[PDB]
Number of protein chains: 2
Amino acid sequence: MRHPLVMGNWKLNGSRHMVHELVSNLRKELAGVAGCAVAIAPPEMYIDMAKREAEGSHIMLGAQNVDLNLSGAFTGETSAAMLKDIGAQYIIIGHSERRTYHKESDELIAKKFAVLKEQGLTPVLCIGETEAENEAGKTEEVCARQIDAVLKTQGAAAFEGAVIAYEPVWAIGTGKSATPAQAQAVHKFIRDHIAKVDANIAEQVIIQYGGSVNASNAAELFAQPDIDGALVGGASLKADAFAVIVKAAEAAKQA
Amino acid sequence: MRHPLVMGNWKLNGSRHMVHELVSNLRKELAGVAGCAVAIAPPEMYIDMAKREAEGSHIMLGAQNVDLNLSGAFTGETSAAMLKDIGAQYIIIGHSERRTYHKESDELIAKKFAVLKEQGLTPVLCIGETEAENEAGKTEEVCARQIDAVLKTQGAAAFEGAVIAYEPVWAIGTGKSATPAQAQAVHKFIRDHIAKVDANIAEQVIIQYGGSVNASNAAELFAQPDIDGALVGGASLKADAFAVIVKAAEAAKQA
Ligand code: NA
């Protein structure tokens, strides 16, 4: 009975022309969708415009990162209070691109998670193992560590309403890809890990697949029982492709 | 002969309500000002809104930071192309809060400067020495090093149309204060340093004072020949206190 969520991570892509075109096309392609929740995370300067463009549709807003302070003398930072104020709900934290390029630690990401919960925002907690970690047979240990930074400091209750996105980092720019069976094995492990602390919370947590998802492979991934949607990368930038993914999630999970 | 510039760095302060109120009040308080340029840098998510509220005023927009990529798979980053697209003109880079809290190196800041120049945006390059550096008599050495990261890698023409903001970190909220004579000595040094590579570029660079400016010292600071305005922190959150600084800059250079 978990209602799927398909979220578009636009990454560093956007312009006022593009926001209008893409959100308008998304509204049209998604106007008949009932069985899947949808969120988009444009670059921070476009959240307000995208929110305005999405008014009248069921498309929810989000953001790609957040910092730790709500206000103060912190030049260039992003406030959870302001993200809430501007209309963002689903906030991506711990994306592999930020863990790598910006050295964001497990502990820092758990702190972001806490700030978001205090604001009534929905963290989209990204976790996943690297190529070296995967080769060492560490997939489970790494996912557990990343989840534990939150679970062991804030309890299972912190995952009520939250979203986890599993990114097999080892499949990024390596030519490789995870199969739906491989993806499912990891999602079931993540859910079982949380279940060790609170089985009820585990059953309600939305676990999205964050590896490569496109119009072609969405159906096979969403047929898996512990895959509750996707955090979509490149396919998020074209309304037609993104819509096929949303409809595939709808079809896979509907009664 | 340099037209002064007073810029408000809002830091991590802003909301929908505060943007509407502050921008409206600023336009009212700045009525009749023509001899001093004015820019504001709200948190990134509010730049678009602030620009719209600024319509009908002479207030120019800006931002508090930028990253190095224009587009791509860089979740949570800020693109200079998008800042330009959203209407931000004056982009603060290398602020002491980012050099310290986010460990931004001289080299990284110089790369930000380059991306801004490539896009045709105006960098507001912040430089300045710490408490210890000041006590050790290293003010000039530090300022030269921070400027050289750009000057020696990009050439003196990089500073055509650019802004430099000198922040006396050693004196900002520390119990010690910089006199106008002391600020003037640093500004003159900065301009002389650039002049060693290109005298014509040096004479057109806008060098703002970034230390504590209030109504009581604005007149004496702005009477100094090498001080072309100020990068204002806390006072930029109150229309009346910010306008007093702008009017002092106008009055001083029209004296
Ligand atoms: Na930022």
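- X-ray crystallography is the method the PDB entry lists for this structure, together with a resolution of 1.80 Å.

**Here's the deal with the pairing of strand 3 (residues 60–63) of chain B**
All names here are of chain B.
Step number 1: Note that strand 2 (residues 37–41) and strand 3 share two bridges and pair parallel. Note on strand 3: the bridge partner recorded for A39 is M60.
Step number 2: Remark: the strand 2/helix 2 (residues 47–53)/strand 3 crossover connection has right-handed handedness.
Step number 3: Pairing of strand 3 with strand 4 (residues 90–93) involves two bridges; the strand directions are parallel. Bridging from a neighbouring strand, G62 pairs with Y90 of strand 4.

**Focus: the interface of chain B and chain A**
Frequently, the measure chosen for interface size is the accessible area removed from exposure when the parts meet.
Step number 1: Tallying the contact residues gives 35 residues for chain B and 36 residues for chain A.
Step number 2: Between chain B and chain A the total buried area reaches about 3,300 Å² when both faces are included, carbon and sulfur atoms providing 54% of it.
Step number 3: On the chain B side of the contact with chain A, B:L12, B:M45 and B:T75 bury the most area, a combined 27% of that side's loss.
Step number 4: Across the pair B:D85 and A:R16 runs a salt bridge, and its minimum N-O distance is 3.7 Å.
Step number 5: Counting across the interface, chain B meets chain A through 18 residue pairs in polar contact.

**Notes on the relation of the copies chain B and chain A**
Step number 1: Rotating chain B by 179° about the axis while translating it 0.0 Å along that axis superimposes it on chain A, leaving an RMSD of 0.6 Å. With respect to symmetry, the two chain copies, as superposed, fit the operation of a two-fold axis. Among all C-alpha atoms of chain B, that of B:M45 lies closest to the rotation axis, at 2.0 Å.
Step number 2: Residue by residue, 100% of the interface of chain B is reproduced at the interface of chain A, so both copies engage with the same surface.

What counts, and at which threshold
- Residues numbered from 1 in each chain as written, not as in the entry; some residues may be left out.
- Chains lettered and ligands numbered in written order.
- Heavy atoms only, no water.
- Pairing = 2+ DSSP bridges.
- Helix = DSSP H or I, 4+ residues; strand = E, 2+ residues; numbered from the N terminus.
- Right-handed = clockwise from strand over helix to strand, strands pointing away.
- Contact = heavy atoms within 4.5 Å.
- Buried area = accessible area lost by both parts, 1.4 Å probe.
- Salt bridge = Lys/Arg side-chain N within 4 Å of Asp/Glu carboxyl O.
- Polar contact = N/O pair within 3.5 Å; in protein donor to acceptor, adjacent residues only side chain to side chain.
- Least-squares fit on C-alpha atoms.

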